[PDB]
Amino acid sequence: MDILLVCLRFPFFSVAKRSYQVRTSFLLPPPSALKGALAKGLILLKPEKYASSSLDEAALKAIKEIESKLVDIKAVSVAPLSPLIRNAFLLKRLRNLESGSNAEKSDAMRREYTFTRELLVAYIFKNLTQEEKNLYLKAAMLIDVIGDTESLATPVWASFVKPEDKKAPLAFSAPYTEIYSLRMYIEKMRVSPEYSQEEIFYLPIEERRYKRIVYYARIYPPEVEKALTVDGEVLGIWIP
RNA sequence: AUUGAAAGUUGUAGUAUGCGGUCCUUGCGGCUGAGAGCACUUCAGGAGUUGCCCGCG
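Residues numbered from 1 in each chain as written, not as in the entry; some residues may be left out. Chains lettered and ligands numbered in written order. Part of a larger assembly, values for the part shown. Heavy atoms only, no water.

As recorded in the entry header, the structure was determined using cryo-EM to a resolution of 3.3 Å.

In the nomenclature of the PDB entry, chain A is known as Type I-A CRISPR-associated protein Cas5 of Pyrococcus furiosus DSM 3638. This entry carries the title "elongated Cascade complex from type I-A CRISPR-Cas system". Of chain A, the UniProt comment under Sequence similarities (unreviewed entry) reads exactly: "Belongs to the CRISPR-associated protein Cas5 family. Subtype I-A/Apern subfamily." (UniProt positions renumbered as here; feature names shortened; annotations may be inferred.)

Pasting the structure below:
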């Protein structure tokens, strides 16, 4: 029973919903992007068998393997320790994917990014063997980008720390299943990547307007049976 | 290699042109550092003294 925990320090992340013109950025990074990150890491480290002729097929099979290793499909969780704010940028973003209008068209479009000092993400695994545990620890880092390419991400620390069955208020994100069982946020973040499913997610951020933008901070949901300790601070977490 | 992948919010643009801090103006006129005033009053270069001493055109 092991859980990877890696903290990423990034300027922005621009992963967004299904939307036109504006790509409505997620309030917190989705499980699908988090799974794809270590899928890319593992296919980069060992292309001996995880890399196939089709890049899409190789990524999809890596995702299948990593989700088979996950205790549940809704496993990865994030910690919004730093404040979450949103800003809007006008980007050239030529929209030539439309059927027609040649290729010399320039539609000035507009997008928004999410600013946050840093985040922590958890990868819960079951009884992974050391011969692959070292490889997965190596793949924990090398997560250079999350979502949009311009949204660089830098993992500074990554480690394997056991929950030890501590008691603390919930801090990590969790699906909206036990929170209903016991300022409440409801979202949908596309659990698995879509390739040629969606479940109600509780979002652990609340509003505190001290400045112009209200941004978000800890809502401190109730106490949970499982918790994780990092640098002297204990944070709640739920697993199936 | 994350609904991500391809992508300039891009190229060209003088706050610029003529516009006296300008023309007249006494720091000007009158004005005793002047009047009174002993370097004065007392005073010996003074008292002693053999050109000295010998001499046949």
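Colleague: Can you lay out the side chain of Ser82 for me, pointing to particular residues and giving the numbers?
Modeller: Relative to the assigned elements, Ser82 resides in the loop between β3 (77-79) and β4 (85-91). At a separation of 3.2 Å, a polar atom in the side chain of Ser82 contacts the main-chain amide nitrogen of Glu118. Once you skip the residues sitting within four places of it in the chain, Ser82 turns out to touch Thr116, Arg117, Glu118 and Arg218. (Helix = DSSP H or I, 4+ residues; strand = E, 2+ residues; numbered from the N terminus. Polar contact = N/O pair within 3.5 Å; in protein donor to acceptor, adjacent residues only side chain to side chain. Contact = heavy atoms within 4.5 Å.)

Colleague: Describe the packing of aromatic side chains, and please don't skip the residues or the numbers.
Modeller: By the definition in use, this model includes 10 aromatic pairs. On the numbers, 5.2 Å between centres and 75° between planes, the contact of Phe10 with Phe13 is edge-to-face. Judged by relative accessible area, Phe10 falls into the buried class, the value being 8%. Look at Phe13 and you get buried, because its relative accessible area is 1%. Residues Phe125 and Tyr136 carry aromatic rings whose centres are separated by 5.7 Å and whose planes lie at 55° to one another, so their mutual orientation is tilted. Here the residue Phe125 occupies a position in strand β6 (residues 119-125), and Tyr136 occupies one in helix α3 (residues 130-140), the gap between them amounting to 11 residues. (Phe/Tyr/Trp six-rings, centres within 6.5 Å; stacked < 30°, edge-to-face > 60°. Buried < 20%, exposed > 50% of the residue type's maximum accessible area, 1.4 Å probe, protein only.)

Colleague: How would you summarise the nonpolar core if you had to cite specific residues and measurements?
Modeller: Core analysis: the biggest nonpolar cluster contains 51 residues, and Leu5, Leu8, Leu42, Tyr123, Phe125, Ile146 and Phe172 have the highest contact counts within it. For this core, the secondary-structure elements that each account for two or more residues are β1 (2-9), α1 (31-45), α2 (55-69), β3, β6, α3, β13 (226-230) and β14 (233-237). The biggest single contributor to this core is β6, with seven residues. Ignoring any residue separated from it by four or fewer positions in sequence, one finds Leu42 in contact with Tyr50, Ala62, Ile66, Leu135 and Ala139. (Core = buried A, V, L, I, M, F, W, Y, C linked by side-chain atoms within 4.5 Å.)

Colleague: Summarise the sheet that holds strand β7 (residues 154-160); cite the residues concerned and give the values.
Modeller: Spatially, four strands are ordered β3-β6-β1-β7 in an open sheet, and the strand pairing comes out antiparallel. Sheet topology places β3 and β7 at the edges, where each strand pairs with a single neighbour. Going across the sheet, the axis of each strand differs from the next one's by a mean of 20°, ignoring polarity. Both β3 and β6 contribute to a ladder of three bridges, which runs antiparallel. Bridging from a neighbouring strand, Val78 pairs with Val121 of β6. (Pairing = 2+ DSSP bridges. Axes fitted to C-alpha atoms, helices over the stretch in contact; angles between N-to-C directions.)

Colleague: Could you give an account of the protein's contact with RNA strand B, naming the residues involved and the relevant values?
Modeller: The immediate surroundings of RNA strand B are formed by 28 residues, with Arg23, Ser32, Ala33, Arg93 and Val145 found nearest. Near the protein, within 4 Å, the atoms of RNA strand B are sugar or phosphate in 54% of cases. Contact between RNA strand B and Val145: a base oxygen at 2.8 Å from a main-chain N or O atom of the residue. A distance of 2.9 Å separates a phosphate oxygen of RNA strand B from a polar side-chain atom of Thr149. Where the surface near RNA strand B is concerned, the elements lending two or more residues are α1 and α2. Split into classes, the residues belonging to the surface near RNA strand B amount to 16 nonpolar, three polar and nine charged. (Near = heavy atom within 4 Å. Nonpolar A, V, L, I, M, F, W, Y, C, P; charged D, E, K, R; others polar.)

Colleague: Describe the pattern of salt bridges, with residues and values.
Modeller: Inspection of every chain in the model, using the stated rule, returns nine salt bridges. Put simply, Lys105 and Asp107 hold a salt bridge, and the shortest N to O gap is 3.5 Å. In this structure, a network of salt bridges that share partners links the residues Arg95, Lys105 and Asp107. (Salt bridge = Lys/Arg side-chain N within 4 Å of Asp/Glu carboxyl O.)

Colleague: Quick rundown of α2? Include the residues and the values.
Modeller: With 15 residues, α2 ought to run about 21 Å at 1.5 Å a step, and its terminal C-alpha atoms sit 21 Å apart, in line with that. Here α2 has its buried residues at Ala58, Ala59, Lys61, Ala62, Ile63 and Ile66. Each element contacted by the buried residues of α2 is listed here: α1 and β6. (Expected span 1.5 Å × (residues − 1).)

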